[PDB]
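Fold and geometry: a report
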Amino acid sequence: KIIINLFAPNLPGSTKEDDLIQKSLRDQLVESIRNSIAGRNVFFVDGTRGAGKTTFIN
Amino acid sequence: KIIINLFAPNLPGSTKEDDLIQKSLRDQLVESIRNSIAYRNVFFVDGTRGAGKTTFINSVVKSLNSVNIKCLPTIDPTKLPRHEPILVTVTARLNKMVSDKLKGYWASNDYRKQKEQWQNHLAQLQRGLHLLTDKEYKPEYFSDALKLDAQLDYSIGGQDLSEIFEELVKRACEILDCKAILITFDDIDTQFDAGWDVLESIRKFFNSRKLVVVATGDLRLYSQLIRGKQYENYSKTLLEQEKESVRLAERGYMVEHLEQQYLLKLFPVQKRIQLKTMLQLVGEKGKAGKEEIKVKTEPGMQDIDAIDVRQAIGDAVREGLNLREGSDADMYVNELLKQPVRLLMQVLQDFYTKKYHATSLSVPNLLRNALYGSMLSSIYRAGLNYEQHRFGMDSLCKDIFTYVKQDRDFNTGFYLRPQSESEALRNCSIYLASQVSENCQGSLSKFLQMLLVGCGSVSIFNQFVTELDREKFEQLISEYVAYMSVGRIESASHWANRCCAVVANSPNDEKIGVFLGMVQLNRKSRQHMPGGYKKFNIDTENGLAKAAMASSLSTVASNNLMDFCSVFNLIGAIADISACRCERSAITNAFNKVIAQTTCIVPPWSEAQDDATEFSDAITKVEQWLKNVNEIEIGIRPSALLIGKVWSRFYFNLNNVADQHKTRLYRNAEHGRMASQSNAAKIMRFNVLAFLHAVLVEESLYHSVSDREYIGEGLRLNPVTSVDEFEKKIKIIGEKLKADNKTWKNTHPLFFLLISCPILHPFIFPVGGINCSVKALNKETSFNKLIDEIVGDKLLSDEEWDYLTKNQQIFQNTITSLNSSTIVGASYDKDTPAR
RNA sequence: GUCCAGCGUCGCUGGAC
Ligand SMILES: Nc1ncnc2c1ncn2[C@@H]1O[C@H](COP(=O)(O)OP(=O)(O)OP(=O)(O)O)[C@@H](O)[C@H]1O
């Protein structure tokens, strides 16, 4: 279960800390990259809802 | 034997000898170059976009590497610098292997003589690059052209770069010790300027017998490129004046004449090779194809387990789209084969790779996700939805309507048949068939909802198509979507409420209350009614059946509130009750969710006991009906062809009743003894019977669980005036399922659940609408007794027959007030013809 | 043979005894 706190000790805006919920999706992408090396290799991340999505790459 | 791996990256570079799919055609060419020089000598492989040209060229070159000819490394004209001449590149490639064989010589004497001789030629050619890249002549080089040389004593004066390069190839053959050297060019399929320099160089320079050139591409680009270049020669000023039809067609032929002559002169006809597509390699299932290909669907899968590509795509199409094993599913796989081979695996590889990790199932969404990415560029051409997180149920209803509008066909469009002439519409047709089957996934009566909005919203618009001039098409097709509210809706009956105004905007030519699945019940007391007919009063309706009667009402505000009895409201309501079951509270809400509050306005395109528990007796039955609904309907697999076919039977069936009961409205029909008598409770009885009829024939024909149909081998007709057509289909179904020891709930699930619907029970047998029919009373008794087995309740109690078959009594599951109701325009001049 | 039923703009077709 993804335990999420709201009243953080520092109380950041929106309480976004790291791998908020995309953790399952990130692990799927990372594993594919590792398995890829073991010849095009370009992936893609589609623009969703107009989100900035720059925070995903970082 | 050509095995292929769907777990490898499938890149052109990694293609080995085992996985190569063009073994036969490559051999035909490998043993064709050698036979040429042994006794313009330019070859041309040809294939469509995404046919595997690059992975085929590399096979020929590799094979020739292992009487003797040396092959240069392949050149791709697109990746080269924009301003680098082709001749410069070839010389550098040739110099690499020439200046690598010299270091292989062992004799010191036979090193410096040839190397210096070769070195002179390069310096000789390096001074000739002035002519290739220049914009104007210069007299400073005139004296250089008029020069005598001791090298070969050039017969032709001047520079003449053609002859300078010619002897360079002759020298290179001596050093490399080979009869001829092949120059191989790659495709220009992404550019239209790399091709022109390739075409011009071949025409002028590569003419000697020591060179063989193997181009690559497709004639459509090359043909389009040359014709554009030929128009450039015409003087620009000439093309504004003299623009007459006779003059324009005169030069139009001449350019096309120079188009074919130049192209044929460059690439000879007797050397072009067309690369076979996926179809010719495999061939038809019954026909013979001169290859055999098997695929992989598992890592380390044994080659014996490998299966033919037809089954590798047939199983995906059959299971993914939920179609029967038949000709309908054969059209999809056949069309899907006639696609670029690049796209074929990316659909095929993606679908199976997800399936492996799915198990670690909703198979249609696996194909839906896989096919959406592949056929994504064709989607934009028809303007479909692009958001992935909004693959909603109602989103599809908008997509089908706009697709059939673009397809320019309303009679067949809802079938989603890939028969569109345009190739773009063929691609999106299969995708829509995947969307429809994905959303159902054994949907809890959403199929019933999706049947109405998905297909009914299309064919109802045919009414305006009949009598309807280009500006008006987008004028109506847009706001009709807005008024009827497809793509945005709250309930199925909400759509059916707006349908009544659409139906009643233009009536039948005889101005009668019968319409396409519509019956009008008068509310204003007409004066001096002949016979026993009375005004339709809302109160006399009995209990436990008023709720069914309550749903069948649809008031339309069109300058006069008129109630319309509609099967659409009946079937539209069934979506509401069967939506979700958590409590027995909203089950009774839908019975009056559309009454006393839902008002419908004229369409813009007009242009002209305590009684608080009487309902609860039926509620427990409807609650128990949802128990069977929420136990079997999960296990069904609705298709994308039933919805296109159930409506087609239903639409024609209703249209037959509309023009069959017009002139047959007359007195002495208040009891409905015999046929040829049209009462309101019988006209509505046909429409509800038509809905129960189209579902039976289509479910038996097309489904997933029903692998083989269960119906007689005879004519298929629709009951329009009688009931015998329906019962005989039940009879032939009866023994056939029992003969195979197959129950109705599993072999025919879609019909089973809706038959035992408490809403539709009190409309199958109207008390005065049922024909007495002493001859045909055998039919209805046999018609009803068969239903006593499909539904195990048998709630008839055998006493409610007597009142309705003998021509007071207490009725619960039968309406006893529609017979006396009247219909607008029902003149009563004539009476029953003698029989 | 007569009847029921069905499709077409009366003509045509289906079923039973
Ligand atoms: N023999 C083959 N076996 C497996 N896959 C193949 C084969 N030939 C072609 N393909 C598929 O075609 C894709 C593209 O191959 P290739 O680049 O040769 O085709 P093309 O698009 O017609 O060529 P080009 O790159 O010159 O435009 C490969 O990634 C692979 O999926």
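Note on numbering: positions run from 1 along each chain as its sequence is written and may not match the entry's numbering; residues without coordinates are not listed. Numbering of ligands from 1 and lettering of chains from A proceed in the order in which they are written. Part of a larger assembly is shown here, and the values speak for that part only. Heavy atoms from the whole structure form the basis of all side-chain values; hydrogens and water molecules are not counted.

The deposited coordinates derive from cryo-EM, with the record listing a resolution of 3.78 Å.

On to the pairing of strand 5 (residues 211–217) of chain B. All names here are of chain B. Taking burial as the measure, the seven residues of strand 5 include seven buried ones, the bulk of the element. Think of it in three bands: residues with accessible area under 20% of the maximum for their type are buried, residues over 50% are exposed, and the middle band is partly exposed, with areas taken using a 1.4 Å probe on protein chains only. Runs of E in the DSSP output that reach at least two residues are strands. Runs of H or I that reach at least four are helices, and both are numbered from the N terminus. The two faces of strand 5 match: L211, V213, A215 and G217 on one face and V212, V214 and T216 on the other face are all buried. Should DSSP find at least two bridges between two strands, the strands are taken to pair. Sheet topology places strand 2 (residues 42–46) next to strand 5; five bridges connect them, and they run parallel. Bridge assignment links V42 to a residue of strand 5, and that residue is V213. Of the pairings in the sheet, the one linking strand 4 (residues 180–184) to strand 5 comprises four bridges and is parallel in character. Looking at strand 5, one finds that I183 is bridged to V213. Orient the strands so they point away from the viewer; a crossover is then right-handed if the path from the first strand over the helix to the second runs clockwise. Once you follow strand 4 into helix 8 (residues 194–204) and on to strand 5, the crossover reads as right-handed.

Quick look at the site of the ligand now. Residue and element names in this part refer to chain B. Only a single heavy atom is needed: when it lies within 4 Å of a molecule or strand, its residue is near that molecule or strand. Taken together, the neighbourhood of the ligand is formed by 16 residues, with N10, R49, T54, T55 and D187 sitting nearest. Separating a nitrogen atom of the ligand from a backbone N or O atom of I21 is a distance of 3.1 Å. In the environment of the ligand, an oxygen atom lies 3.1 Å from a nitrogen or oxygen atom belonging to the side chain of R342. Taking 630 Å² as the accessible area of the ligand by itself, protein coverage stands at 88%. For the shell around the ligand, the element with the most residues is helix 2 (residues 53–65), which contributes three residues. All residues other than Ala, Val, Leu, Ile, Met, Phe, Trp, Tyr, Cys, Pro, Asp, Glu, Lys and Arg, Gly among them, are scored as polar; the first ten of these are nonpolar and the last four charged. Class assignment of the residues belonging to the shell around the ligand gives a composition of five nonpolar, five polar and six charged. Polar contacts, as used here, are pairs of N or O atoms within 3.5 Å; protein pairs need one atom able to donate a hydrogen and one able to accept it. Residues neighboring in sequence count only if both atoms are side-chain atoms. Per-residue and other accessible areas were derived by the Shrake-Rupley procedure at a 1.4 Å probe size, with only the shown protein chains allowed to occlude residues.

Turning to the environment of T832 of chain B, a few remarks are in order. All names here are of chain B. Turning to its location among the elements, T832 is positioned in the segment after helix 35 (800–805). Among the residues examined, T832 registers a relative accessible area of 23% and is labelled partly exposed. Sequence separation between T832 and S821 is 11 residues; the distance between their C-alpha atoms is 19 Å. At 3.2 Å, the side chain of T832 forms a polar contact with the side chain of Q677.

As a rule of thumb, nonpolar side chains are buried together in soluble globular proteins. Residue and element names in this part refer to chain B. Core analysis: the largest hydrophobic core is formed by 167 residues, its most contacted members being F568, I577, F650 and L692. In terms of residue count, the dominant contributor to this core is helix 29 (residues 680–701) (13 residues). Look past the residues within four positions of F568 in its chain and what remains in contact with it is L452, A496, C499, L516, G517, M518, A573, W647 and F650. Nonpolar cores were defined as sets of buried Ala, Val, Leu, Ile, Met, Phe, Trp, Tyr and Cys residues, with membership established by side-chain atoms within 4.5 Å. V90, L125, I183 and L263 belong to the second largest nonpolar core, which has 45 residues in total. By the convention used here, residues are in contact when the closest approach between their heavy atoms is within 4.5 Å.

All names here are of chain B. Lining the immediate environment of RNA strand C, one finds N656, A675, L715, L717, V720, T721, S722, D724, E725, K775 and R835. The sugar-phosphate backbone supplies 100% of the atoms of RNA strand C found within 4 Å of the protein. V720 places a main-chain nitrogen or oxygen 3.4 Å from a phosphate oxygen of RNA strand C. Between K775 and RNA strand C, the recorded distance is 2.4 Å, taken from a side-chain N or O atom to a sugar or linking oxygen.

Glancing now at the sheet that holds strand 10 (residues 518–521) of chain B. Backbone hydrogen bonds hold the strands of a sheet together, and the pairing may be parallel or antiparallel. All names here are of chain B. With antiparallel pairing, four strands are arranged side by side in an open sheet as 9-10-12-11. Unpaired on one side and paired on the other, strand 9 (514–515) and strand 11 (555–557) mark the two borders of the sheet. As paired strands, strand 11 and strand 12 (residues 561–566) are joined by three bridges and run antiparallel to one another. Across the sheet, the residue bridging to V556 is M562, located in strand 12. Relative to the sheet, helix 25 (residues 567–577) contacts strand 10 and strand 12, its axis offset from that of strand 12 by approximately 65 degrees. Fitting a line to C-alpha atoms yields each axis, with helices limited to the stretch in contact; the angle taken between N-to-C directions then spans 0 to 180 degrees.

What follows deals with a nonpolar patch on the surface. All names here are of chain A. Here a patch means residues that are over 30% exposed by relative accessible area and free of salt bridges, tied together within 9 Å if like-charged and within 5 Å if nonpolar (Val, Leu, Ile, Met, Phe, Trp, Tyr). The working definition used for a salt bridge is a side-chain nitrogen of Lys or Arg within 4 Å of a carboxyl oxygen of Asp or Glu. A contiguous nonpolar surface patch, about 430 Å² in accessible area, is contributed by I2, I4, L20 and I21. Relative to the helices and strands, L20 is located in the segment before helix 1 (23–37). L20 gets classed as partly exposed once you look at its relative accessible area, which sits at 39%.

Residues and elements named next belong to chain B. Orientation of helix 9 (residues 219–231) relative to helix 11 (residues 245–266), taken along the N-to-C sense of each, is 125 degrees, at an axis distance of 9 Å. Classed by the angle they form, the pair helix 9 and helix 11 counts as oblique. For the pair helix 9 and helix 11, the crossing hand works out as right-handed. On helix 11, the residues touching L219, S223, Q224, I226, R227, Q230 and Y231 of helix 9 are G252, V255, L258, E259, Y262 and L263. By residue class, the composition of the contact of helix 9 with helix 11 is seven nonpolar, four polar and two charged. Here is the rule for angles: anything less than 35 degrees is roughly parallel, anything more than 145 is roughly antiparallel, 65 through 115 is roughly perpendicular, and the remaining ranges are oblique. What makes a crossing left-handed is the near helix being turned counterclockwise from the far one by less than a right angle; a clockwise turn instead makes it right-handed.

Our focus in this paragraph is empty space enclosed by the protein. Residues and elements named next belong to chain B. As a volume, the largest cavity reaches approximately 350 Å³. Buriedness of a pocket was judged along seven lines, with at least five required to meet protein on both sides within 12 Å; pockets are open sets of points on a 1 Å grid over the protein atoms alone, cavities are sets where a 1.4 Å probe fits but cannot get out, and lining residues have an atom within 4 Å of a point. Along its surface, the largest cavity is lined by 20 residues, and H761, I764, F765, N784 and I787 are the ones closest to its centre. Elements with a minimum of two residues in the lining of the largest cavity: helix 29, helix 32 (749–755), helix 33 (761–764), helix 34 (777–790) and helix 35. Broken down by class, the residue content of the lining of the largest cavity amounts to 13 nonpolar, four polar and three charged. Grid points are joined across faces, edges and corners, and a volume is the space filled by probe spheres set on the points.

As a further point, take the pattern of salt bridges. Residue and element names in this part refer to chain B. On inspection of all chains with the given rule, the structure shows 28 salt bridges over all chains. As a salt-bridge pair, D110 and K113 come within 3.2 Å of each other at their nearest N and O atoms. Placement of the pair is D110 and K113 together in helix 4 (residues 109–126), with a separation of three residues, close to one helical turn. Owing to a relative accessible area of 33%, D110 belongs among the partly exposed residues under this scheme. Residue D802 is joined to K806 by a salt bridge in which the shortest nitrogen-to-oxygen separation is 2.9 Å.

Here we take up helix 4 of chain B. Residues and elements named next belong to chain B. An expected span of 1.5 Å times one less than the residue number is assigned to each helix. In a regular helix each residue adds 1.5 Å, so 18 residues correspond to 26 Å; helix 4 covers 27 Å between its end C-alpha atoms and thus fits that length. Listed as buried for helix 4 are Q114, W118, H121, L122, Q124 and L125. End-on view of helix 4: buried residues confined to an arc of 160 degrees, all on one side of the axis. Away from the buried face of helix 4 by more than 90 degrees, exposed residues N109, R112, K113 and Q126 are located. Packing partners of the buried residues in helix 4 comprise helix 3 (86–101), helix 5 (129–132) and helix 7 (161–176). The directions from the helix axis to the C-beta atoms are what the arc is built from.

Residue and element names in this part refer to chain B. Helix length check: helix 7 (16 residues) gives 23 Å between terminal C-alpha atoms against 22 Å at 1.5 Å per residue, within 8%. Three or more residues of helix 7 are buried, namely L161, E163, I164, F165, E167, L168, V169, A172, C173, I175 and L176. Residues of helix 7 that are buried make contact with helix 3, helix 4, helix 5, strand 4 and strand 5. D177 occupies a position one or two residues after helix 7 and carries a positive phi of about 60 degrees.

All names here are of chain B. Ring pairs shown here join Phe, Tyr and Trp side chains whose ring centres sit within 6.5 Å, with only the six-membered ring taken for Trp; geometry is labelled stacked below 30 degrees between planes, edge-to-face above 60, and tilted in between. This model, assessed by the stated rule, comprises 31 aromatic pairs over all chains. Both rings, one in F165 and one in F206, keep their centres 5.9 Å apart while their planes meet at 65 degrees; by these two values the pair is edge-to-face. With a gap of 41 residues between them, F165 in helix 7 and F206 in the loop between helix 8 and strand 5 connect regions that are remote in the sequence. The burial state of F165 is the same as that of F206; both residues are buried. Among the aromatic side chains, those forming a connected cluster through ring pairs are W495, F568, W647, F650, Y651, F652 and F691. Only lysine NZ and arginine CZ atoms are considered, and such an atom sits over a ring when it is within 6 Å of the ring centre and within 35 degrees of the ring normal. Seen from the ring of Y415, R417 lies directly overhead, with NZ or CZ sitting 5.1 Å from the centre.

All names here are of chain B. Contact pair helix 18 (residues 393–407) / helix 22 (residues 471–484): the axes reach a minimum separation of 12 Å and the direction vectors enclose 170 degrees. When the interaxial angle is binned, helix 18 and helix 22 end up roughly antiparallel. Like other packed secondary-structure pairs, helix 18 and helix 22 cross with a definite hand, here right-handed. Mapping the contact onto sequence places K398, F401 and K405 in helix 18 and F473, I477, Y480 and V481 in helix 22. A per-class count over the contact of helix 18 with helix 22 returns five nonpolar, no polar and two charged.

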